[PDB]
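Participant: Structure provided below as structure tokens; questions to follow.
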Protein chains: 2
Amino acid sequence: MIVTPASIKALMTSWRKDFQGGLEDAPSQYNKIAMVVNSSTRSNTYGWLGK
Amino acid sequence: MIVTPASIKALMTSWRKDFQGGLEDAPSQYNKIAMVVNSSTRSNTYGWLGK
């Protein structure tokens, strides 16, 4: 039996990438309650007329 | 009545291979809760990056 040191025995591992994405984020569900509007300048102004 | 010895009349039986199966063992159901990876050294090292 060859008495190898501790560091050499610790280097004798194989790298596996099964844990790559970590834990996935929660589902996205903001489109159900919000209205999406695109702005083109410094700010948007909205205006409506009373009855 | 013919007096046959016990050694001759002990051969007067029928061999049946009906118990050959025996008692079956429990089902394998480790594939629903575990993931199978391979290895090629003393151990396996897994690493992932944070968010």
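A short reminder: the numbers here are calculations on the coordinates, not readings from a lab. Cβ sites come from the backbone with ideal geometry, for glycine too, and all protein chains shown count toward neighbours.
Participant: Exactly one of (1) in a loop (DSSP other than H, G, I, E, B); (2) closer than 30 Å to residue B:39 by Cα; (3) over 22 Å from the mean Cα position of the chain (by Cα) is unmet by residue A:8. Its number?
Facilitator: (1)
Participant: Also: Among the residues of the range B:33-51, how many are more than 14 Å from chain A (Cβ to nearest Cβ) and surrounded by 10 or more Cβ atoms within 10 Å (Cβ to Cβ)?
Facilitator: From the range B:33-51, those more than 14 Å from chain A (Cβ to nearest Cβ) are B:33; that's our starting set.
This time we only want the ones that are surrounded by 10 or more Cβ atoms within 10 Å (Cβ to Cβ), so: none.
The number of residues fulfilling the criteria is 0.
Participant: Out of (1) within 29 Å of the chain's Cα centre (by Cα); (2) under 30 Å from residue B:39 (Cα atoms), the odd one out for residue A:27 is which?
Facilitator: (2)
Participant: To continue, here is another question. Any residue at all in the range B:24-32 that is exposed (fewer than 10 other Cβ atoms within 10 Å of the Cβ), under 30 Å from residue A:20 (Cα atoms) and within 14 Å of chain A (Cβ to nearest Cβ)? Before you say what the answer is, go through the steps one by one.
Facilitator: Quick first cut of the range B:24-32, residues exposed (fewer than 10 other Cβ atoms within 10 Å of the Cβ) only: B:24-32.
Next, only the ones that are under 30 Å from residue A:20 (Cα atoms) stay: B:28-32.
Checking the rest, the ones that are also within 14 Å of chain A (Cβ to nearest Cβ) come to none.
The answer is no, given that none of the residues of the range B:24-32 is exposed (fewer than 10 other Cβ atoms within 10 Å of the Cβ), under 30 Å from residue A:20 (Cα atoms) and within 14 Å of chain A (Cβ to nearest Cβ).
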